[PDB]
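Colleague: let's see this in three dimensions:
(9 chains)
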Amino acid sequence: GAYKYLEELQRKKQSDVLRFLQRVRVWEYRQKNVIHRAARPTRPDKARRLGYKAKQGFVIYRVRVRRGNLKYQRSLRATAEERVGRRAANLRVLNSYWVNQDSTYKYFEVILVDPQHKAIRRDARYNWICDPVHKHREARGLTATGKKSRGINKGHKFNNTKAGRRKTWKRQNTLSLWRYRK
Amino acid sequence: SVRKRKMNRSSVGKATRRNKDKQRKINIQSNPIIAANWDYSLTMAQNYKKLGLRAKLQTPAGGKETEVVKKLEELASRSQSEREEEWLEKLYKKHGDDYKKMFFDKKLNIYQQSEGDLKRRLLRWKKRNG
Amino acid sequence: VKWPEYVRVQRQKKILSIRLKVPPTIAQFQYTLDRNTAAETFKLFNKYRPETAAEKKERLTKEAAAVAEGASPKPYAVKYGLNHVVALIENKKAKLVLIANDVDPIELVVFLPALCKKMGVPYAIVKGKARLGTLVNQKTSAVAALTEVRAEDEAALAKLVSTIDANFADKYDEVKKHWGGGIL
Amino acid sequence: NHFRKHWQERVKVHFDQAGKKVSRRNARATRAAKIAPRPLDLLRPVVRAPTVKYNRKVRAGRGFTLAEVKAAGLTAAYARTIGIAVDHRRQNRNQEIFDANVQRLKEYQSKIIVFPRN
Amino acid sequence: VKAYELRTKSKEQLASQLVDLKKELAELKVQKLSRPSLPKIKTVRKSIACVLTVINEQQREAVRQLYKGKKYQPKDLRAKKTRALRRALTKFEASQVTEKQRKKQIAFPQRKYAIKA
Amino acid sequence: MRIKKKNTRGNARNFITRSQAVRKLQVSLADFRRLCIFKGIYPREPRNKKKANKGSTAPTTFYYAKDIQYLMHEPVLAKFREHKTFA
RNA sequence: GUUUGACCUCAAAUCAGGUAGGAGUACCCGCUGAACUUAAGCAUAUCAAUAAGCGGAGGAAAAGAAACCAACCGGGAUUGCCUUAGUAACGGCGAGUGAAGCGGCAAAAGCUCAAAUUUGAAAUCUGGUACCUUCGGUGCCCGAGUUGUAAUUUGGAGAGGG
RNA sequence: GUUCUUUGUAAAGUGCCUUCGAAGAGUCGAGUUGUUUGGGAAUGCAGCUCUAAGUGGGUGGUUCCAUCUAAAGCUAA
RNA sequence: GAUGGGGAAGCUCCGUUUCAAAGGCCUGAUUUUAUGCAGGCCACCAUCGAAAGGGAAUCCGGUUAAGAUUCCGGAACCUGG
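Modeller: Residues are numbered from 1 along each chain as shown, chains lettered A, B, ... in the order given. Sharing the structure here:
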C-alpha cells in the first residue's frame, strides 16, 4: 500500500519536497496558536503504526514547545505531551511523533483517544485504555518518550534504571533484618 | 488516627466483619467427585495423596485407586443446511457421480468447489439419505 | 481594517504557494486534463458509480425476500481506495488512474504519478478531489481507478486512454523542468 | 561503615515471615480448590545450566521447545491446555537434553487423563 | 399518623392532611409559648415530616414509571454507588472479546485433567 | 428600589417591535409571517405610540408579547426547520 | 453560469449525549532539588541522585514477554527474598561509595497492531427514533469513514490453492 | 443437573504437495555541553552541529564468531 | 482584574486592547426559474474599587424599662406605571 511509500519518503526529511513542505508548515503553524487541534494527521503512516485509527474517538493535536535550556533534564517531547494532556483532561494520551521543527521551537503531533466514547469502550482493542490506571499516562512518563527518558530497558546498560532509579535505590538501600539474624 | 477517633467517638457504628475462619476452611468447588472424597481435615497435598492424584509435578521443596477408577470411568463415557442439501441434490441429479464434469459445471458449481470438497459433500448427503 | 485570522492565513498561504519556488516533484499538478477530456472521463465514469448503501441494502433485501419463498458476473465498478489503487498499481491490473490535484497532504499523492509512469500504467490528473468524491458516494477520495469494464465501454475506455496519452502524458512530459512557482 | 546515610528511616524487620508462610499456604490451598483437577504447577522441562561452575548440575527449565513438543506427538498450542510449558525462544543444542525432555513429555502424556468437554 | 395508611389514601387527601397538620402545629405552637411544655408538638412535627416524605415518594414512584423502559433516566434516580463505578466499563464492555481472541479460545479451550494413569 | 428607567415597564415591555420580535424568534420574516397567518395573529396599536416604542416617535408596528411567546412553542416552528434541513 | 453546489478550513447554541479540576497520600510513577554533618580546614568528593516544593494513579503501583544474560554440555518474561558480596568496581584511589551473571526459593500467561486488495460488492461503527427476553438486543433514520472502518497474521513465521 | 435455539454450500484445528512470502527514521549512530551511575570498557539521561543501511544494525569473545533485530501497544502472582 | 494570547515541568508570572469570527439598533407586502432571507448604521468590548467623592425625596409635636428624620398624630416631598 501507500503506507510503505510514505514511510520511505518521510525518512528523507532533507529531500527537496519535504524541505518545501516543512518550510511552509513551519510558518503555517507559527501563525496559529501554540496548541491547536488538527483535522487530520500530517503523517498518516506514522500515526497508523502508532496505533491510531480513523474511527470516531481519536483526535490529532498540534503543539509547540520552546527549545534550549542553567540546565534542564526532560525531553521536549515529554513536555509537549504533558502540556497537551493538561488541556484535554478528558482525553488519554497514547503516543506522539515528530512532524516538524524550528530553530526556536519544535513541533510534535500527539494522538489522543477518548475513553468516554462508546466506540472506544466497545472496542476490545482500545477499551484497555479506559481503565483508571492509565489516567494521565504522559504525566507519569509511561509513553514511549517517557519510558525512553526514564531509561526503562533490559541489560547491563540499564541496571540502575531497569525498574526505576528511585525504586531500585530504595530497595537496595534497606537494612533487611530477619527474625533469625543471618 | 484523626479519622479513626471519630469512628469510635460517634454512634455511627463500625461496619464489623468476620471472615478469618473462612480464610482457612475453603470448600472444594471445582469437582463433585473430589468433593465426595475430599477431606478438609487433611492438607491439599495429603488430600491429593489419599485420592491418588499427584499434588505437584515439580520436585517438592523440602521434605515430604478406587477414586481414580471412578473418575476415570466417567471420562470414557451435525447435519447439512436446506440450501446446501438442495444444491447437492441438484448436483447429483444433473451430473451424478461425474466429479470430473461436475467440477466445471458453471451453472451448479457457482463457487467452483474442488473435486474433493464436492465428493465429500456428496458422500455426506448420501450417508444422510442412503 | 481587519479580517478573520483564518481567512488571512489561507490567503497568505495561497499567495505564498503562487510565489514560492517548488521542486518538479511538486507542481507536477497544475498541468491537468482539459475541460473537454475531463468531462468525457466524468461521463464514462458516471456509468460506473459504486452501489450506494441504500441501493445495496434494497437489492439484498429483495434477494432475501425471493430466497425466503424458495450467476451474474462481478459488477464492474470504479476503484478509488488509495491503498487499493496503489495495490492495483505496481501489479499492472490498473488500466486508468485519476489523481486529484487538491489533496491537503501533498506527500500522499506526490509519488503516485511517478509510480504510475514508471509502471507504464495510464494516469491522468483531474482538478478537484470533490468531483471524484461526488461520483463515488463519498466526500472525496483523492484517487480513482478503473478495472475490467463492460464490452460496450471497452472502446470508449481505449479512446479515452489514447486521448489522455496524446494530451497530458506526452505534452506535459516536459514538466520535469521549469520549477513551478516562478511567477514574479 | 555503610551507615552514613539515614538507614534508620528504612529498616523493614521481617516479622511477616511467620505470617507469610501461612498466607502462602492458604493461597496454595485456594488454588488447589479452584484448580482441583489439575496440578498447581505446570510440567517443566529438564535443562542443563551454563556457567560451568554450575553446568554439572541438572536443573529444571522454563518450557519445552517447539521441536520437543513436535517430537512428543502433540502441538505447542494444544500442549498449553494440557499444562505443558512451551518456550518459543529456547533452542535445543544438546541431544541428551532433547531426549530427556522427549521422554518426560511422553511419560506425562501417558500419565495424564483429560475429561470430556461434556 | 401511620405511613401504611397514607399510602392507600389518594394524593389530594395527603395534601389536605398536610395543611391540617400545619394548622394544628401553628395552634399548638401558639399554645406552647404560654405553657412550659407541649408533648404533642413533636408528634405533629413528625407527622408533617411523614406526610411530606409520603408525598415525595408518591411523586417519585410515578416519575420512575413515566421514564419506564426508555434510556437516559434522571440523574437523581440513577445509581448512587460511587463516582468510580460509573467508569470501570460495565460487564458487557468488560467482557467484550475481540474476534481473534474469541476464535483462539474456541479452538483451544482450557481442558481439565488429572495425572495418575 | 433604585431608579427605574422609563422605557422598561408598561407599554415598553408589553408590546415587542416587529424587528425585535423577528430577532427574538430567530425566524425569517417569511416563516414568521407564515406562522402569524396560521395562528391568526395581528398587530395592535396602543393608546400611546412613543411610550410603547421606547419613547421614540417612529411608524413602528407592535405585536402582543403573550401571543408571540405562545407562538414560540408551536411545533410548526420546528417543522419549518426540519423542512429547511431536508431541502 | 455577473450562476448553483460540491468540497477543504474555521466559528456559534443555557444545543442532545459526556468527561476534567479537588480532597486524601504510608506505598507507587515522574519533575524539581539544596544545605547542616564527614574526610589532608575543604578545591573533586560524602550527606544525595535525600528532605522541602510540584504534577499523575490503584488497592497495590511500576515493569513484563529480549536490538537480555553468557561464552558454556548454553540460560530463556517481569517481580520479590538468601547467596553472589561487602565481591567486581569506583574513590584529591584519603574518608566512603558499591553493583551485576549464575546458583537456592514464592509465581507463572502470554500476547495485540504496523507492513498484504474484502475489490465478486466499507462486508465497519457513533448517535436519534418505535419496541423488548433493558449493564444490552431488533427495524428505521442521520452521520463518521476510502487521507481506511470489517477478517487472518506477524519471527514460534505467515498467506493463496490441491 | 433440566430445557429453547442452532444450519450456514457458516466458523475452525493437524499432516502432505504446491505458489508466494511483506522488518516501526529526525530513529541507531557520531562530536560536544550539564547531570548521574562502581559502570574507566565513557552506564543512562536532556540539549546542540550532521545524519543514517537492508542477506542490513546493537552488545560482547577468537582471523572471524554467539544472541536479538529496537525505534508501536496490553497483561493477572 | 478576567477576556483572546505568551513564558513557566509545575504551584503559576506577564499582559487591559493587547493583530480575537469579543454585539447592538432599524427597515421589508413574503426574498420571483416561486414560500431555506435580504438590506441600512457605530466600532466600545466584563467586573471590583468611597458608610468623609456625586446622589430622588420627611419636618414638627409626643411617647419608652432601653428606640426616634424609624414608634404614634398632623402635614410634607422623589421615582415608575
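
Colleague: now residue A:60, what's its secondary structure?
Modeller: strand (DSSP: H, G, I helix; E, B strand; the rest coil).

Colleague: residues contacting it?
Modeller: Residues near residue A:60 by Cβ atoms under 8 Å, 6 or more residues apart in numbering or on different chains: A:37-41, A:47, A:52, A:109-112. Every residue, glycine included, has its C-beta placed from N, CA and C.

Colleague: at 6 Å what do you get?
Modeller: A:38, A:41, A:111 (Cβ atoms under 6 Å, 6 or more residues apart in numbering or on different chains).

Colleague: then residue A:117?
Modeller: Residue A:117 neighbours (Cβ under 6 Å, 6+ apart): residue A:57.

Colleague: check the one 4 residues further on too.
Modeller: Contacts for residue A:121 were tallied using Cβ under 6 Å, 6+ apart; they are A:127, A:130, E:89, E:93.

Colleague: wait, which of these is closest to RNA strand I?
Modeller: Nearest to RNA strand I among the contacts of residue A:121: residue A:130, at 25.0 Å, using Cβ to the nearest atom of the strand.

Colleague: mind checking the longest helix of the chain?
Modeller: Let's take chain A. Longest helix in chain A by number of residues (criterion: DSSP state H): helix A:16-31.

Colleague: I was after chain D.
Modeller: Per DSSP H, chain D has its longest helix at helix D:16-34.

Colleague: hmm, that helix in reach of chain E?
Modeller: No - Helix D:16-34 is not in contact with chain E by Cβ under 6 Å from any Cβ of the partner chain; minimum separation 11.4 Å.

Colleague: using JSON lines, lay out the contacts of residue A:60 together with secondary structure and neighbour count.
Modeller: JSON lines is the format used below for the contacts of residue A:60 (DSSP: H, G, I helix; E, B strand; the rest coil; neighbours: other Cβ atoms under 10 Å in any protein chain shown):
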{"residue": "A:38", "secondary structure": "strand", "neighbour count": "17"}
{"residue": "A:41", "secondary structure": "coil", "neighbour count": "22"}
{"residue": "A:111", "secondary structure": "strand", "neighbour count": "23"}
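
Colleague: which strand or helix spans residue A:99?
Modeller: Using DSSP states H and E, residue A:99 falls within strand A:92-101.

Colleague: mind listing residues that contact that strand?
Modeller: Surrounding strand A:92-101, the residues in contact under the criterion Cβ under 6 Å, 6+ apart are A:22, A:25-26, A:42-43, A:46, A:50, A:81, A:85, A:107-111, A:113, A:115, A:129, A:137-138, A:143-144.

Colleague: whatever residue of chain D ends up closest to RNA strand H: neighbour count?
Modeller: Scanning chain D for the residue nearest RNA strand H gives residue D:75, at 4.9 Å (criterion: Cβ to the nearest atom of the strand). Residues contacting residue D:75 under the criterion other Cβ atoms under 10 Å in any protein chain shown number 13.

Colleague: please name the nearest non-neighbouring residue to residue C:18.
Modeller: Among residues not flanking residue C:18 along the chain, residue C:183 sits closest, at 6.2 Å (Cβ to Cβ, 6 or more residues apart in numbering or on different chains).

Colleague: where along chain B do the strands fall?
Modeller: Listed in chain order, chain B contains no strands at all (DSSP state E).

Colleague: tally of neighbours for residue F:51?
Modeller: 16.

Colleague: secondary structure class of it, three-state.
Modeller: Residue F:51 is classified as helix under three-state DSSP.

Colleague: give me the neighbour count for the residue nearest to it when sequence neighbours are not counted.
Modeller: Distances taken as Cβ to Cβ, 6+ apart place residue F:11 nearest to residue F:51, at 4.5 Å, with adjacent residues excluded. By the criterion of other Cβ under 10 Å, residue F:11 has 17 neighbours.

Colleague: what separation do you get for residue F:11 and residue A:9?
Modeller: Distance check for residue F:11 against residue A:9: by Cβ to Cβ, to the nearest Å, it reads 73 Å.

Colleague: still on that earlier bit, contacts for the longest helix of chain D?
Modeller: By Cβ under 6 Å, 6+ apart, helix D:16-34 touches A:179, B:26, B:28, B:30, B:44, D:40.

Colleague: likewise for stretch A:155-172?
Modeller: For stretch A:155-172, contacts defined as Cβ under 6 Å, 6+ apart pick out residue A:151.

Colleague: pull out the buried residues from that stretch.
Modeller: Of the residues in stretch A:155-172, A:161-162 count as buried by neighbour count, 16 or more other Cβ atoms under 10 Å in any protein chain shown.
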